[PDB]
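Residues take their numbers from the sequence shown, with the count starting at 1. Just the heavy atoms: all of them, side chains too, but no hydrogens, waters or symmetry mates, feed the values below.
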Amino acid sequence: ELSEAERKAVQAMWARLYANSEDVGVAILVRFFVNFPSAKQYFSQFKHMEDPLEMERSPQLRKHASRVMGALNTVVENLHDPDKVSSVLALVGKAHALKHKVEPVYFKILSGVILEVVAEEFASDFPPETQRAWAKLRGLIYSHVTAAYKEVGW
Ligand code: HEM
């Protein structure tokens with residue numbers, strides 16, 4: 001789990017992100033789909049879309065952006081309550097394993113894009129203590145999502 005200082009570091013960072021949650025979520029996903037075109041295969045309204053301006057304006061992209069940011073928000077705000085973070089990430093993990101059939105490695109890829117976007121957009125607020133805290137959060141997400149895939153015999 002995150003230590004108290006790490007949790008505080010992650011929540012303070014996340015608050016800055018979430019002040020324009022909508023735009024940050026979308027910028028993250030556009031970068032994800034441009035840089036990893038294979039990930040678009042799970043999205044019916046944009047699986048063959050290439051123009052990043054259209055991706056930015058895509059209703060189904062912006063919707064998934066809103067749901068990624070909201071589920072992340074739930075995890076970050078409730079990091080002091082580890083049963084809640086377990087709860088949320090299971091539900092996500094399973095859902096993506098079973099309904100959406102997404103290869104679990106795409107979570108690792110998306111997290112790397114999330115890191116790249118955070119490092120760019122909020123660099124002057126991203127000291128090493130915070131970078132390390134954020135990296136623990138990423139590990140936490142990937143291990144919990146990865147355990148949920150194993151749980152239903154992926
Ligand atoms: C931090 C990681 C992610 C979070 C928190 C997240 C969150 C969500 C949530 C809350 C939903 C709506 C409920 C549901 O139908 O499951 C959703 C839908 C979906 N997600 Fe994710 N997601 C993540 C990563 C991914 C990745 C990497 C992919 C595939 C590359 C993906 C593919 C989908 C698809 C195909 C849907 C259905 C969208 C639709 O109904 O049009 N997600 N996501």
Side-chain angles (χ1 to χ4, degrees), residues 1-18 21-47 55 58 60-122 125-154:
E1 51 170 11
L2 271 63
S3 82
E4 164 164 82
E6 286 164 356
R7 177 160 77 266
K8 276 329 159 165
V10 166
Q11 291 172 337
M13 172 69 236
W14 182 255
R16 297 183 135 70
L17 282 228
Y18 214 75
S21 182
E22 327 210 21
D23 285 17
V24 158
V26 173
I28 285 170
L29 283 186
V30 166
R31 184 159 306 176
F32 178 58
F33 293 120
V34 171
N35 286 351
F36 303 95
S38 61
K40 305 184 300 207
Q41 69 183 94
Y42 308 107
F43 288 94
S44 49
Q45 300 318 304
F46 69 88
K47 56 176 167 247
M55 288 179 191
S58 171
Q60 175 184 56
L61 176 274
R62 293 174 72 80
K63 181 232 239 143
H64 185 251
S66 199
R67 288 295 233 128
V68 166
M69 295 304 279
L72 289 188
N73 182 66
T74 290
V75 170
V76 174
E77 293 322 277
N78 302 103
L79 276 164
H80 11 121
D81 185 359
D83 289 37
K84 233 296 169 167
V85 314
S86 242
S87 182
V88 180
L89 290 175
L91 253 341
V92 169
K94 206 135 56 228
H96 280 86
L98 282 195
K99 304 180 137 153
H100 312 318
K101 293 177 232 174
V102 170
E103 257 142 48
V105 75
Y106 290 101
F107 281 86
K108 166 168 164 174
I109 298 169
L110 179 57
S111 281
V113 176
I114 289 169
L115 173 49
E116 188 172 80
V117 171
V118 168
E120 285 173 17
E121 267 246 310
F122 305 87
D125 290 317
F126 208 44
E129 354 171 284
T130 291
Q131 286 165 34
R132 178 176 77 251
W134 193 266
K136 299 317 202 198
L137 171 66
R138 168 177 188 182
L140 196 156
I141 287 154
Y142 194 46
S143 54
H144 281 237
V145 165
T146 276
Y149 272 66
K150 278 277 140 46
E151 182 163 331
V152 195
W154 171 268

* Asked: Which is it for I141 and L89 under the side-chain contact (heavy atoms from CB on, under 4.5 Å) test, yes or no, and what are the steps along the way?
  -> CA-CA 7 Å; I141 287 154; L89 290 175; 4.3 Å; yes
* Please round to the nearest 0.5 Å and tell me the distance separating atom CG of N78 and atom CD of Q11. => 9.0 Å
* Structure fact -> On a heavy-atom basis, the closest approach of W154 and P104 is NE1-CD, 3.8 Å
* **Nearest non-hydrogen partners of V10 and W134, listed with the distance** => CG2-N, 3.8 Å
* Asked: Would you find a donor on one side and an acceptor on the other, under 3.5 Å apart, between the side chain of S143 and the backbone of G139?
  -> yes
* Verdict with supporting geometry, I28 and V118, side-chain contact (heavy atoms from CB on, under 4.5 Å) -> CA-CA 9 Å; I28 285 170; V118 168; 5.7 Å; no
* To do: Taking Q131 for its side chain and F126 for its backbone only, find out whether a donor-acceptor pair lies under 3.5 Å.
  => yes
* **Residue pair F33 / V113, side-chain heavy-atom distance below 4.5 Å** => no
* Asked: Of all heavy-atom pairs between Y149 and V102, which one has the smallest distance, and what is that distance?
  -> OH-O, 2.6 Å
* Is it true that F36 and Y106 have ring centroids separated by less than 6.0 Å? -> no
* **Atom pair CD/NZ of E4 and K8 - distance to nearest 0.5 Å** => 6.0 Å
* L140 side, atom CG; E1 side, atom CD - distance, nearest 0.5 Å -> 9.5 Å
* For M55 and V34, work out which heavy atoms get closest and say how close. => SD-CG2, 4.0 Å
* **Stepwise side-chain contact (heavy atoms from CB on, under 4.5 Å) test for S86 and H144** => CA-CA 7 Å; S86 242; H144 281 237; 3.2 Å; yes
* Begin with the C-alpha distance, continue with both residues' side-chain angles, and end with the deciding distance and a verdict on side-chain contact (heavy atoms from CB on, under 4.5 Å) for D83 and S87. => CA-CA 6 Å; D83 289 37; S87 182; over 6 Å; no
* Structure fact -> Separation between CG (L110) and CG (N35), nearest 0.5 Å, reads 12.0 Å
* Atom of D125, atom of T130 and distance for their closest heavy-atom approach -> O-CG2, 4.3 Å
* To do: Any pair with a residue in residues 79-99 that passes ring pair (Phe, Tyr, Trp, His ring centres under 6.0 Å), sequence neighbours left out, goes on the list, sorted by first then second residue, please.
  => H96-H100, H96-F107
* To do: Only pairs at least two apart or in different chains count here, so list each salt bridge (charged side-chain N to carboxylate O under 4.0 Å, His left out) that has a residue in residues 131-154.
  => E6-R132
* Please say whether more than 12 non-hydrogen atoms of neighbouring residues, nucleotides or ligands are located less than 6.0 Å from CD in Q60. => yes
* **Pairs involving residues 106-122, ordered by first then second residue, that meet salt bridge (charged side-chain N to carboxylate O under 4.0 Å, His left out) (sequence neighbours left out)** => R31-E116, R31-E120
* To do: Looking only at non-hydrogen atoms, find the nearest pair between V145 and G93 and report the distance.
  => CG1-CA, 4.2 Å
* Give a yes or no on whether the backbone of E103 and the side-chain of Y42 come within a donor-acceptor separation of less than 3.5 Å. => yes
* Asked: Side chain of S21, backbone of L17: donor and acceptor closer than 3.5 Å?
  -> no
* Spacing of CE belonging to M69 relative to CD belonging to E22, to within rounding of 0.5 Å -> 10.0 Å
* What distance do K47 atom NZ and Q41 atom CD have between them, rounded to the nearest 0.5 Å? -> 10.5 Å
